[PDB]
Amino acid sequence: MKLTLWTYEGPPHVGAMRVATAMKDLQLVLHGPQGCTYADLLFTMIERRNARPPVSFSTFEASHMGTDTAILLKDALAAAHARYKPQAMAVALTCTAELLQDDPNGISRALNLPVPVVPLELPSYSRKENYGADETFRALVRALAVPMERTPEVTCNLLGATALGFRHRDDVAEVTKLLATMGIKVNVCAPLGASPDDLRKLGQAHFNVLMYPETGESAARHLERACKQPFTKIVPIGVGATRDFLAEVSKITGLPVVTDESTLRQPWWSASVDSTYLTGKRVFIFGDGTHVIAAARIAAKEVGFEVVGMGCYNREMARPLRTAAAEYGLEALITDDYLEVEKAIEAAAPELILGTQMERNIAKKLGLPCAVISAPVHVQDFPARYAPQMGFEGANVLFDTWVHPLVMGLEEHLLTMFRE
């Protein structure tokens, strides 16, 4: 038993929901209690979606104890198929259903539908959202990807992008265009904006761009054997990170690194004279594993901050972090307790925090500038405007986002200082 107010991650079935929603023509059935369909809200309000999530529930209640429950998941799967007619489906258990007898494999097998139905292993008492996302996607790729002959031209897949993904939309956009600048067109971006039909056509692309380790690295791994596909290990957030990502791609493809840097304004901005008081402002960095490693290289090497703290809430990424953190003379902080994060930030005593909605809130409490660099995030951070993190325009966005809270801080200090 852990006393819990804030959580950084949902339970694993959200991660499932998050992958199923990313896809088109795909139905997910969750065995779970009535009243437990709340996650709708996240996809329809926070992401701002126009159709209902492609997710259905068996919606059992108190007066349904007895093997009554297996039969309910059956008719849930039945109904979902009859009604929507999806190229494939996938089935799993909510945390409550995990404590019940009914088996997602056995009921799926018995009933026996026309299309593939994938049963998912979601340990909802030991794992979380991000795992859910990865497994669910591992399992879909594992079931649907087959060896194939490579495209005539050079192509790749974008692995990892999802529903409720923090700037996923626009990162896909921005990566597509920086690949296109090197002659490389995209095969299939998945899970996001992909059908099961498309998931079979995976084999034919030379390499995989692993966009988000946290959401599609298992799938990247599985594809390493299945169709002998090498995934990119360097995630392109920041300029240096992007250059190295492009060089890594040149290494994978043989192709010469071509860049369209005509709109890249961050290096000059940060090189500018108004940027000089940024020099070694102490920043504390918290968030999802991938964005913290990215932020810190920008912070120290592209903006000239002193990274004074570094950590993440997802266990899954603790070693990539602990490694990187050391490089900055720092001991990573792996925690999902925000009360810990609050303790760390007070200890580090930074002048700027970069984190999640929670850190924005701690920062508010402590009267410190702050920017948001990672999920979980509210509606604010699924903007209508174009706002990637990755690549060049992404590097612009990041510089503007992070510098603002600080400029405002100065303007606040000054104005009150001279009020009296």
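Sequential numbering from 1, following the sequence displayed.
Query raised in the report: Looking at the entry, does 279 to 287 or 74 to 82 show the higher mean C-alpha B-factor?
Result: According to the PDB entry, the answer is 74 to 82.
Query - Average Cα temperature factor in the PDB entry - higher stretch of 131 to 139, 292 to 300 - result: Mean CA B-factor is higher for 131 to 139.
Query raised in the report: Of the options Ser108, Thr323, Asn314, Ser272, which has the highest CA B factor as deposited?
Result: That would be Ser108, according to the entry.
Query raised in the report: Going by the deposited entry, which of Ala332, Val249, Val308, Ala344 has the highest CA temperature factor?
Result: Spelled out: the listed residue with the top C-alpha B-factor is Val249.
Query - Chain thirds of CA B-factor: placement of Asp336 - result: Answer is lowest: the recorded C-alpha B-factor places it there.
Requested in this report: Classify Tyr386 as lowest, middle or highest third according to the C-alpha B-factor given in the PDB entry, relative to its own chain.
Outcome: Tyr386: CA B-factor falls in the lowest third of its chain.
**Report entry** Assigned third (lowest, middle, highest) for the C-alpha B factor of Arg319
**Finding:** Middle third - that is where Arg319 ends up once the chain's C-alpha B-factors are sorted.
Query raised in the report: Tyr328: which third of its chain by C-alpha temperature factor?
Result: Ranked within chain, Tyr328 CA B lands in the lowest tercile.
Query raised in the report: Compared with the other modelled residues in the chain, in which third is the CA B-factor of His64?
Result: As the PDB entry reports it, the C-alpha B-factor of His64 lands in the highest third of its chain.
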